[PDB]
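A.B. asks: missing the sequence, but the structure's below:
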Ligand SMILES: Cc1cc2nc3c(=O)[nH]c(=O)nc-3n(C[C@H](O)[C@H](O)[C@H](O)COP(=O)(O)OP(=O)(O)OC[C@H]3O[C@@H](n4cnc5c(N)ncnc54)[C@H](O)[C@@H]3O)c2cc1C
Ligand SMILES: Cc1cc2nc3c(=O)[nH]c(=O)nc-3n(C[C@H](O)[C@H](O)[C@H](O)COP(=O)(O)OP(=O)(O)OC[C@H]3O[C@@H](n4cnc5c(N)ncnc54)[C@H](O)[C@@H]3O)c2cc1C
Ligand SMILES: Cc1cc2nc3c(=O)[nH]c(=O)nc-3n(C[C@H](O)[C@H](O)[C@H](O)COP(=O)(O)OP(=O)(O)OC[C@H]3O[C@@H](n4cnc5c(N)ncnc54)[C@H](O)[C@@H]3O)c2cc1C
Ligand SMILES: Cc1cc2nc3c(=O)[nH]c(=O)nc-3n(C[C@H](O)[C@H](O)[C@H](O)COP(=O)(O)OP(=O)(O)OC[C@H]3O[C@@H](n4cnc5c(N)ncnc54)[C@H](O)[C@@H]3O)c2cc1C
Ligand SMILES: NC(=O)c1ccc[n+]([C@@H]2O[C@H](COP(=O)([O-])OP(=O)(O)OC[C@H]3O[C@@H](n4cnc5c(N)ncnc54)[C@H](OP(=O)(O)O)[C@@H]3O)[C@@H](O)[C@H]2O)c1
Ligand SMILES: NC(=O)c1ccc[n+]([C@@H]2O[C@H](COP(=O)([O-])OP(=O)(O)OC[C@H]3O[C@@H](n4cnc5c(N)ncnc54)[C@H](OP(=O)(O)O)[C@@H]3O)[C@@H](O)[C@H]2O)c1
């Protein structure tokens, strides 16, 4: 088999940042990525614009420079590839880590391709692989998506969006521009404070001109092949519907996390993996986490801007264990 | 059942142009589309730029205006949606025509959703849905694609492209820019004259700088999961390979075309469906074809520029039969 | 000379709009344009993005379509040309109108290139060409601009913006992106309500991060070649400064409008030419106005979305006079 | 009055690169730029796309990364600003060097604002500031430009282009798309070999479809207020004309170069300042040149790709002369 000093599961922005900082402290590292690098960003909608400025998304001391104020999807894809190029990062792409076991101060990593042995382990798997479950009658129909890519095919179609945060509002804007009849169904009372303040004005003007239907205090009770039923303050309504976008968020792969021996503790910000807030080391010795995997479900506490700093913290703790 | 005067199978540019012109002659028409309108363009590579100027792609008195010299994908998607909006065209989306049978002087169309009765039938299904068969050992592996979408996931991967016309060179440029190691194997002797003269210089420069491996007179003999074997002037060569893009063209759904009763004619123009060159009517009475489906093999005779004129021709012939 | 039935002064969106609807009613027209068509849009900042949708700017039987939600400066340029191409409009470019005198029931039009005599006249000259005067010492210095174009050359320069409307806010964001040290000096108390609610948060965040200096209740008192002096509730402050953008708004060429015999107003909500509202005809018979030149009395503003609809109202009034 | 070790006249790509490389060897440098940094690039047409790839334009180890194949004008502006930011370069902008004289072991530099004294001088002023002389009757009229910016104001105007290289061909394409009536007058016999091979097809197709007038072997003899008279192999023609674009090239400020005491040596392939090819030092001790100002004799073309390496070579020569 292969023996490397450190292995990092996940080649996202926070995973890449973890390998760069470990390499800067003289630790030979290998990233194993289920797809290719920044697969999460690659899976954004094709039109997506980041909400951060491009400099705040930069890692490794490679400047992220874009004429525009905020960068789009593909611009980040080009950047992070150059980040891997510049730091000469070892990246085993299209390989899925399936099992991690610790044996006498060593890890045994079993993937889809090879078997690995390492001293240090860093899990930066994010949460985008596991979408929250809808739990309404009809939620498993093929007309229900939890991911948004493009809006053109839904031209002149009756579309319902479940959710109220940035994914829902973003998709509604793109779906309206493509000729779809968009009905957003949010359970809250007012707009979520997490919708960024420069996007909501363009959405509110559309609901004022009666181009997009917005409904508050709305919970979806039934989804059929061609209808959607939702209740507002008790009153049930049923409308024709062709597709449903369940933008209800994501959550980490807790099944994988417990199978290595990591505990879920639940605390201030919620159900999160147990880790030392000063070193990001988990309850399992020599196993660290990095990225949005440390926040839990809450998709507003940790993002790319602050998750990229975990690598520098992990690098210090690993170099310390070298007595 | 539903009874409409005319039905058009396919909502591509030539299908839309056919429906516009029939409506101009007072013919009630219905488009049945397997996906949504201009699904072909929607399935282009994401970065794709058209070879034609935007005026040449315009149909049914709706001007196609783009600040750019040549229009990109999405821009055509936005345009053709506005064409459907402007001309009030009936488009039953996500419905696939499965069976056509002639009874008396009327057609019985059976789809995935409904059954229809019409007098005139127009088949404009194109050829993009059916890729040419490779016919080499290993062609059925999941690592072999006949369609190109994006190049980022193949970053730092060993990629081989089979083909030599515009699809191959476009994919090679995008794959080279995304950091892949590209090797183009062409069975021809020199560059195909059908490569647009403003794209090829960008390709040959990278070949001269040895950034893209180009092989002429090369035929692929075997594809494994991680090698590709090809012969050059008799010499067999084997290189490591991660993915294969078989850009070997497409062909019409001849099975569906024979299942309605339309003849395939072995002509010295590239084997094409049987139709009257002056009206585009097939051997079946009141059944027409439109678009690139009339060129059969050669994907270089008919494109959007001249295929959009089929609609005007069919409308005259149908108006001659009156009603 | 030349004699045309109707002549229109100005080739902006509303000048083009009035020509189309008069032609639809069978009125032969000629557009006399100081520059070329939509000179105003051409003289936007190079980066500029409209705040309207792409179809609220569309005129006369030509759809305006863009893959983006809001079109940019260059896309409108390409569009409004194609509108002229589609409608076969007669436009005389680089020809400024200098004198209009009403003799008989006709007009004699004196331009920089020929003499014209016409029955119907439309003055659609807008306001973007005549900038409000600054009224501070040093306003005539070469370091003082009333137009923003690009931000690059002011990289690592000390810049000051006078005003607080969308013009001042847009130019500040662009100059910050280009690395300039920007100080916005506004005479008002809070943020102008006319700032687009999707633009303000970007300017707000930069100010709080101390990337852009924002001083409310600020009045500029002096401009030297290397400083700018401004008072904030009486307290004077003087800072090093390399360039100045007086984004203090604009006003129509009223001097020209009176010189033909059209009265002004200055009533409560502003100041406007006299027009019938129902025909847009002025006190001068057979003399019409169109565009943002008509704003001033109404409590609402005039953009391209509304002002473009004036050409239709004018066409009926001219068709009524036959 | 002000004393710095080294001064660089010109803040273009090659000037900026020279200051970075000198700073890498511990030399205190000051750039004096008539406008701001890369003013030459700033004065391109607003649409201009580079013919080099973005990697080849990179300097002072700051990567120039752009999603697209080739970088456009503004994108280079954004990049080079970040280069000055990243290296912290002293850039006295809007200052024009008027006089340079050698005294003792010092130079006395007189600008528009201050006076400077330095040991090492590097002149990297380029050529884009001083246009070649037209030498036909009417060349000083306001309707005659030697610089192209945008094409919209010339919509539906009669425009004549003098020249035959990329500047002329680029301007012809941009002016045609804006509705101008373009006549190109080239004193050559065939298309210039310096036109890029991926642009000539686009220009070729417009000439063959009679949308642009192309006239070889044409020399302009007179420019009037609204006509232009030109002879082709002696035969004179006169056409109506509203504006004239004299794309007849540019040349360095040789007068400024001779006024400091550097010899300009005429030869074949053009005329260049005299300098040692291994240090780029002129006949004046401690006076160097950098950038495209160095081309002329050596029979080689200079662009940003190769001009950016002068700084590293000059830095060695300045370091060899010690302190
Ligand atoms: C539309 C959209 C826009 C956004 N915009 C912004 C923005 O502007 N700014 C910002 O800061 N954040 C933004 N985000 C959030 C951003 O995507 C996350 O903060 C970020 O992706 C988290 O990075 P990560 O490295 O922690 O994990 P991820 O980015 O999710 O990547 C983890 C990687 O691990 C891989 N992986 C998963 N399971 C396995 C396994 N078993 N074996 C091997 N590999 C595995 C995945 O394929 C993936 O490549 C946006 C998100 C979305 C959806
Ligand atoms: C990358 C790329 C770039 C191209 N660039 C250009 C260019 O610049 N200029 C140009 O002129 N051409 C270009 N083409 C070619 C262009 O795609 C075709 O010429 C054009 O799409 C033909 O239109 P059509 O209406 O005849 O058929 P299509 O556009 O192929 O559409 C036929 C439609 O019928 C539908 N359909 C198929 N079977 C059924 C069924 N059984 N029931 C119902 N619906 C069905 C399909 O889903 C499809 O939507 C390009 C092609 C590619 C792949
Ligand atoms: C940065 C910026 C952004 C804007 N964004 C928007 C937006 O998103 N939406 C919107 O609706 N509006 C917008 N506007 C305002 C818009 O420019 C005006 O509403 C519009 O120009 C009015 O059109 P008009 O035809 O009435 O006048 P103009 O567009 O100004 O055109 C009048 C024409 O007359 C010519 N002319 C002037 N004087 C004379 C003379 N004496 N003789 C001959 N010709 C003359 C001028 O050169 C000009 O070509 C914006 C303005 C600015 C500065
Ligand atoms: C339309 C166009 C497209 C081009 N595309 C490309 C391309 O794709 N790739 C490529 O490699 N090249 C390209 N070029 C060429 C490129 O512009 C030059 O090769 C490059 O700018 C040379 O840089 P430089 O530093 O040598 O001098 P420059 O950058 O040209 O000029 C040096 C600076 O000195 C300043 N200066 C002048 N006189 C004084 C003075 N007295 N005091 C102080 N400062 C002064 C000037 O303002 C200028 O900014 C293109 C040129 C044009 C016109
Ligand atoms: N602008 C952008 O660039 C952009 C766009 C999309 C996403 N993102 C990023 O994407 C990440 C998260 O992706 P996301 O937006 O899909 O997730 P998210 O931010 O967690 O959104 C969750 C949404 O789903 C609702 N929801 C949660 N559980 C639900 C349940 N069981 N039933 C019904 N509704 C439920 C939430 O309700 P509550 O509001 O009551 O919690 C909220 O509306 C964040 O980091 C976010 O910033 C950014
Ligand atoms: N620039 C763009 O926007 C763009 C990009 C892609 C496609 N297109 C258009 O799409 C259409 C189809 O183009 P295409 O290139 O996909 O198809 P195509 O025109 O049929 O070209 C097929 C290519 O594959 C080769 N080939 C065919 N069968 C093969 C086999 N069995 N084994 C090996 N090689 C084989 C062909 O060889 P031969 O040369 O000997 O025939 C040719 O090089 C055309 O209209 C094209 O212009 C446009």
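C.D. replies: Looks like it arrived, so ask away. Numbers count the residues shown, from 1 in each chain, chains lettered A, B, ... in the order given. Ligands and ions are numbered 1, 2, ... in the order given.
A.B. asks: any idea how far the residue lying closest to residue A:292 once chain neighbours are set aside lies from residue A:258?
C.D. replies: Closest residue to residue A:292 in three dimensions, ignoring its sequence neighbours and counting by Cβ to Cβ, 6 or more residues apart in numbering or on different chains: residue A:302, at 4.9 Å. All C-beta atoms are positioned from the backbone trio N, CA, C, and that covers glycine. The span separating residue A:302 from residue A:258 equals 20 Å under the rule Cβ to Cβ, to the nearest Å.
A.B. asks: same check on residue A:16?
C.D. replies: The value you get for residue A:16 to residue A:258, if Cβ to Cβ is used, is 26 Å.
A.B. asks: neighbour count winner among the two?
C.D. replies: Taking other Cβ atoms under 10 Å in any protein chain shown, residue A:16 and residue A:258 do not tie; residue A:16 has more neighbours (28 against 12).
A.B. asks: so where do the helices sit in the stretch 1-150 of chain A?
C.D. replies: Assigned helices in the stretch 1-150 of chain A, in chain order: A:13-24, A:39-42, A:73-87 (criterion: DSSP state H, counting those that start in this stretch).
A.B. asks: with the stretch 201-323 of chain A instead?
C.D. replies: A:254-258, A:304-307, A:310-320.
A.B. asks: can you get me a residue count around residue A:168?
C.D. replies: By the measure other Cβ under 10 Å, the count of residues near residue A:168 is 24.
A.B. asks: my read: residue A:175 touches residue A:169, true?
C.D. replies: No - with contact taken as Cβ atoms under 8 Å, residue A:175 and residue A:169 are classed as non-touching, separated by 10.7 Å.
A.B. asks: re the thing from before, the residue nearest to residue A:292: how many residues sit nearby?
C.D. replies: Other residues near residue A:302 come to 20 when the count uses other Cβ under 10 Å.
A.B. asks: tell me which residues touch it, please.
C.D. replies: For residue A:302, the contacting residues are A:291-292, A:294-295, by Cβ atoms under 8 Å, 6 or more residues apart in numbering or on different chains.
A.B. asks: what's across from residue A:29 in the sheet?
C.D. replies: Here residue A:29 sits in beta bridges with residue A:6, going by DSSP bridges.
A.B. asks: my guess is it contacts residue A:11, does it?
C.D. replies: No - in terms of Cβ under 8 Å, residue A:29 does not count as a neighbour of residue A:11; the distance is 11.4 Å.
A.B. asks: show me which of these two is the more surrounded one.
C.D. replies: More neighbours sit around residue A:11 than around the other of residue A:29 and residue A:11, counting by other Cβ under 10 Å; the figures are 26 against 22.
A.B. asks: quick one: the more buried one and residue C:163, what's the gap?
C.D. replies: Counting by Cβ to Cβ, the gap between residue A:11 and residue C:163 amounts to 48 Å.
A.B. asks: is any part of stretch A:195-204 close to chain C?
C.D. replies: Yes - with Cβ under 8 Å from any Cβ of the partner chain as the criterion, chain C is reached by stretch A:195-204 at A:196-199, A:201-202.
A.B. asks: ok, for residue A:284, nearest residue in space, not its chain neighbours?
C.D. replies: Counting by Cβ to Cβ, 6+ apart, the nearest residue to residue A:284 once its immediate chain neighbours are dropped is residue A:261, at 4.7 Å.
A.B. asks: same question for residue A:240.
C.D. replies: Ranked by Cβ to Cβ, 6+ apart and with sequence neighbours excluded, the top spatial neighbour of residue A:240 is residue A:158, at 5.3 Å.
A.B. asks: dig out what the one you found forms beta bridges with.
C.D. replies: For residue A:158, the beta-bridge partners are residue A:181 (DSSP bridges).
A.B. asks: that one reaches residue A:181, doesn't it?
C.D. replies: Yes - using Cβ under 8 Å, residue A:158 makes contact with residue A:181 at a distance of 4.9 Å.
A.B. asks: dump the residue contacts of the closest residue to residue A:86 other than its chain neighbours.
C.D. replies: Counting by Cβ to Cβ, 6+ apart, residue A:62 is the residue found nearest to residue A:86 once chain neighbours are left out, at 5.2 Å. Residues in contact with residue A:62, defined by Cβ under 8 Å, 6+ apart, are A:79, A:82-83, A:86-87, D:63.
A.B. asks: show me what contacts residue A:217?
C.D. replies: By Cβ under 8 Å, 6+ apart, residue A:217 lies in contact with A:187-189, A:232-233.
A.B. asks: pull out the buried residues from stretch A:28-39.
C.D. replies: For stretch A:28-39, a neighbour-count test (16 or more other Cβ atoms under 10 Å in any protein chain shown) marks A:29-39 as buried.
A.B. asks: among the residues you listed, which lie within strands?
C.D. replies: Mapping the buried residues of stretch A:28-39 onto strands (DSSP state E) picks out A:29-32.
A.B. asks: related to what we said a few turns ago, the buried residues of stretch A:28-39: which ones sit near ligand 1?
C.D. replies: Taking Cβ under 6 Å from any ligand atom as the test, ligand 1 is in contact with A:32-35, A:39 out of the buried residues of stretch A:28-39.
A.B. asks: hang on, the earlier thing: buried subset of the contacts of residue A:62 as a ChimeraX selection?
C.D. replies: The buried subset of the contacts of residue A:62, as determined by 16+ other Cβ under 10 Å, is captured in ChimeraX by this line:
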select /A:79,82,83,87 /D:63
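A.B. asks: which two of the contacts of residue A:62 have the greatest separation?
C.D. replies: Pairwise distances across the contacts of residue A:62 (Cβ to Cβ) peak at 12.8 Å, for the pair A:79 and A:87.
A.B. asks: need the three-state assignment for the residue of the stretch 151-300 of chain A found nearest chain D.
C.D. replies: In the stretch 151-300 of chain A, the residue that lies nearest chain D is residue A:174 (19.9 Å; Cβ to the nearest Cβ). Taken by DSSP: H, G, I helix; E, B strand; the rest coil, the conformation at residue A:174 corresponds to helix.
A.B. asks: surely residue A:131 meets residue A:249?
C.D. replies: Yes - if you go by Cβ under 8 Å, residue A:131 and residue A:249 touch, sitting 7.3 Å apart.
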